[PDB]
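The chain below stands alone and is given in structure tokens; this is the form deposited in one PDB entry.
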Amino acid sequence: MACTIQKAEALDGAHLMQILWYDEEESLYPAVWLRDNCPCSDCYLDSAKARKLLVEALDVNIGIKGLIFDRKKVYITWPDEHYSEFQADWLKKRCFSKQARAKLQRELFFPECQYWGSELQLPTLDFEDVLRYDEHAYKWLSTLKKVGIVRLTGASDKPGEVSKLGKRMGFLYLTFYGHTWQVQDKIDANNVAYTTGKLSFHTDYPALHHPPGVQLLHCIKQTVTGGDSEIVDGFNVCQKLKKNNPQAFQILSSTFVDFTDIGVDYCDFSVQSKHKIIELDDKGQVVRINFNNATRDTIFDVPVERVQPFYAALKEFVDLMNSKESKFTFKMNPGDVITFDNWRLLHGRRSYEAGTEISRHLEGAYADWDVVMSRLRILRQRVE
């Protein structure tokens, strides 16, 4: 009933088509949008699933010249004699009602989000199962999107495991630190990560204007002397901050902070960026956290009177992240891989002891959320 056409007619100076569906619901489609979306071979390249029609070809004041229909299709003539056919199901999916549009957006972008604190049950799957089975790889990526982290257990204790996951996704995101990179204590370290020091909560790579969306970290060697992992749900923390201290939230979501990274690794680099630490979308919703205290520049591009209040806000934010209700701590063992949303979570590590041999070694890499989401869309379709 819902996608079967009972009546189709041109209305409002013929600038709209109305469909009455067999469940008595009505849908409205502007003529200009129909013309723009003609699926004929002149207008639309089927092999590419892409529009050939130019904006220049589109009369924005167009009206429908004629229309006939049956239960499954509408057939339209245009004023310049162009002819179009539209399928009922295709029309129904693209209905302009708020409910229909929102449903479709949920299907495209997987917005469901489960916020968490110290009660987190770390989602865990088997590494080889994820590589082998679409059902498991679907569970991996959909959980990564919804919860912001998944642990994979049973990988090897050798390099090359994150690269396998990269291929399973599609491809990894190359940066100045390489295609993959080795977290271990290094002489003349070019990054605080490559020491035995504590890493407080941070996101990776705010020195880029487009920080990595997803991070992969594979434990190859672990030390008994420290090196525990800690994570927090940045979106959950930002919610608490807005409630508890709206001025601090306002400062952190409005102040551009400069980040920097200069050195040599995969290539020689001199990188500079500006970000708001709490990055909001046009509707006021937090979409990314951009914060690494190590790479925050000494350069701070604000008037003198805004400085101390910024630090005071930052301190409140960090104190909230460190709260026993917010953080989750765990320790990686050799063969574990964590995969997480680097736009949402902040992560850290406990200090550990230096010595003469390497006592601790992670291999890491990055991926782009668009690459990950593409694989997720494909997997859903394959498993359903």
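Quick note: we count residues from 1 along the sequence shown, nothing fancier. Take the two forms, find the largest set of C-alpha atoms that superpose within 1.5 Å, and that set is the rigid core.
Beyond what is shown, the protein has a form deposited in another entry; the following relates to that form.
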In a fit on the core, which one among 253, 190, 87, 77 has a Cα that moves 2 Å or more between this form and the one not shown? 190
Fitting the rigid core first, would the Cα of residue 354 be found 2 Å or more away between this form and the one not shown? yes
How about residue 143 - superposed on the rigid core, does its CA move between this form and the one not shown by 2 Å or more? no
Once the core is superposed between this form and the one not shown, does residue 225 show a C-alpha displacement of at least 2 Å? yes
Change in CA distance between residue 353 and residue 323 in the other form, which is 3 Å or more, as closer or farther: closer
